[PDB]
Structure formats: C-alpha cells, structure tokens
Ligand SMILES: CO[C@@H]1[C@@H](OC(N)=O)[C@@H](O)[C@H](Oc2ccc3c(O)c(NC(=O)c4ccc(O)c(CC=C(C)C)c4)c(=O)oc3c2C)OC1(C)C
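Just one chain follows, in the form solved without novobiocin, and it is written as structure tokens.
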C-alpha cells in the first residue's frame, strides 16, 4: 500500500510552520521525516492523521483521496499514530491499557481481544509488566506499551513521532528492533526525530525538514553528503 501527503501547508497566526510538504510511505519500508525542533514534523503528522485541519494539500491512499475523512475514518483506513507526548494511561496497568484500545476491534469477540492483548504484550516484550501501572514504567517500557497500543487498531501505516524521546540509551535498541520488525511485518513506517544521525540509521530513506520546508530526500549516505543538508547544520 502507498500513503501520500501532497502539498501540505499550515500556518498559525500567519506564521508558516509547514509549507508545500509532500511525502510518501509504502508498505514494508521505514521512511524518516527528520529535522530540528520547531521545524514542522509534528504539524505534518497531525495533518496526515487528521488531528489538525490543513490550509492546503491532499492525503491519499493508493487510488483514494481521503483528505475529507475524519480522524476515526482515516484510522479505519489503516493509519496508526504514536504521539510525541506520553499517551499511556498512567493509572492503568499495561494490560488495562491494551484492553482499552482493543475495545475498538468490533471484528473480534471479547475473548479474542484478550488473546490479542496477550499476543501484543509478548510481541513488544512487556508481558512481564502485565499488571504494572503505566506510571511506574521507565521511558523505554512506556514507549513499548504506547507502540503496542497504536498497533491494536491493526494499521497498515504507523506514524511514529519521536519514538526514542525519553528512552534510555539501552531501551532504544529494542525499540529500533521492534520498528524494524514492524516494517518486516509489512507496515509502512514513518518516523520523526531531531536527532538526525541516530534515527537516520534505521530508515531506508528520509526527508529532511527545516523551518517548514523540505530541503532534501535520500538514503542515509546520500543525506549525509547532501550540500543542502550540510547548509542547515553549518
């Protein structure tokens, strides 16, 4: 499957934070959207997800323009989303966190939802934390729970907004592995970070954004030799 955003633009108080941004992610690849803080990465994700209204642009899947679909209908079309800020229910156990999102799986019985919850905990290596409250988890464990939550809906595409934010150096490795596992599973993965070199390593290719503009696209090696890129990090 192919997910495409075309000519996205968004302004707050007239200030252009995203201008003419176009990108694509396909099933079974990891695509980066990388750039400094305030560059417009989250705003772009919001427009793809349907969280904020666009001033301009189109969101499309295959031969289907879905720009007019609300967030809930876009999710049902297979777009999943991991927010930058914490999204875990802090007072709820890891298990209750998953069961809560699995309630949207109208295709499953109540007992198949529990099966799925157990499968997800095993897949994300959090099954030993079944009854731990979200509040008591490390950043790395929290993130594994939040990513599991995002997959409960069964998306074809997952937008990961700074999945490494707030996670210790060590837990970063398992998350990277899980992301690679998602891609191998056939999901299209789109991922943001301000740490270019750290996240670049996990992408097949990446768009670089600065002050609302797309300034380059390429593989990791291409990006790291790109004059327009260097020009931003002089």
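Residue numbers count along the first chain shown, from 1.
Just so it is clear, the following notes concern the form solved in complex with novobiocin, a form of the same protein that is not shown.
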item	value
Residue 108: touches novobiocin in the bound PDB entry, heavy atom cutoff 4.5 angstroms	no
Residue 85, heavy atom within 4.5 angstroms of novobiocin in the bound PDB entry	yes
Contact label in the bound PDB entry: residue 81 to novobiocin, heavy atom within 4.5 Å	yes
Contact flag, residue 116 vs novobiocin in the bound PDB entry, heavy atom cut 4.5 Å	no
The single option of 101, 121, 158, 147 touching novobiocin in the bound PDB entry, heavy atom within 4.5 Å	101
Partner-facing stretch of 195-203, 22-30, 64-72, 179-187, counted where any non-hydrogen atom is within 4.5 angstroms of novobiocin in the bound PDB entry	64-72
